[PDB]
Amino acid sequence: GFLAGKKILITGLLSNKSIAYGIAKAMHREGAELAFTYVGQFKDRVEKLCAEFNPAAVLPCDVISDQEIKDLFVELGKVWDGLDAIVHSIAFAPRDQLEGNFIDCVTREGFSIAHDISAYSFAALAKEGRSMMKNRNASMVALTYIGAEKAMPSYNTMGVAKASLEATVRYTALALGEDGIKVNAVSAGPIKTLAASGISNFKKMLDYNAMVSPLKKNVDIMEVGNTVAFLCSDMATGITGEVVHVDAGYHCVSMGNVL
């Protein structure tokens, strides 16, 4: 496996639909040793889910909390000497930030929270993980969405937070590259995960994507997972600060034949 021996922390595993589930399968297949995090209530759920991946640790981490993030690396440092990669697969905005007119729905607090959990959290993991990752061709990868680059209906505050995430990825790439750490993002096409559960006509975004994309299909968690896996391998050591679209080519087309 091209990840044989590498010690990789995966955040955001919540169901077998999670993008993080696909990341896990791909990394496990490629011989990575895996650790996982969960937010408080979901301890048992997550422990069952990642059992199949022989995890070295399954640890709490609510990225709202500086203390929990700090404690995550203290506990992880007890099982591993160094850390090869961090996979960030976490987003949150309050429900009201996510449908209807952007300007009608945006609030100061909703905007704050979405950025806090969706963007700042990446730099926070970077900040606390840094010393374990020093000088071993380490990697970070964040999950992002094209709503960062374009105004889209509904995505609203999450789009703005994603834009802040991608910039964070670039500044993190600049800040960590001297320690040999590469820092990148994967822009996934829409996938029906628990993140989709709030959103009405999500299935419609999905059908639209399959209709307009060059490849005439929807991506799945394995396509995303495989790419994240690649971005954590010695094969990708020349790539940093990059956003790789795994979206069946949605990002490169405008309009199409079916208007």
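Here the rigid core means the biggest group of C-alpha atoms that line up within 1.5 Å when the two forms are laid on top of each other. Throughout, we count residues from 1 along the sequence that is shown.
In 4 other deposited structures of this protein, superposed on the rigid core, the segment with the larger root-mean-square CA displacement between 192 to 200 and 207 to 215 is 192 to 200. In this entry, the higher average B-factor at the C-alpha atoms falls on 44 to 52, of the pair 44 to 52 and 221 to 229. Judged by mean Cα B factor in the deposited record, 97 to 105 ranks above the other of 97 to 105 and 159 to 167. Residue set 118, 139, 135, 172: peak C-alpha B-factor at 135 (per PDB entry).
Which of 153, 77, 189, 147 has the largest Cα B-factor in the deposited entry comes down to 77. In the deposited entry, the Cα temperature factor of residue 122 places it in the lowest third of its chain's modelled residues. Placement of the Cα temperature factor of residue 131 within the chain: highest third of the modelled residues, per the deposited record. Per the PDB record, residue ranking by Cα B-factor puts residue 72 in the highest third of the chain.
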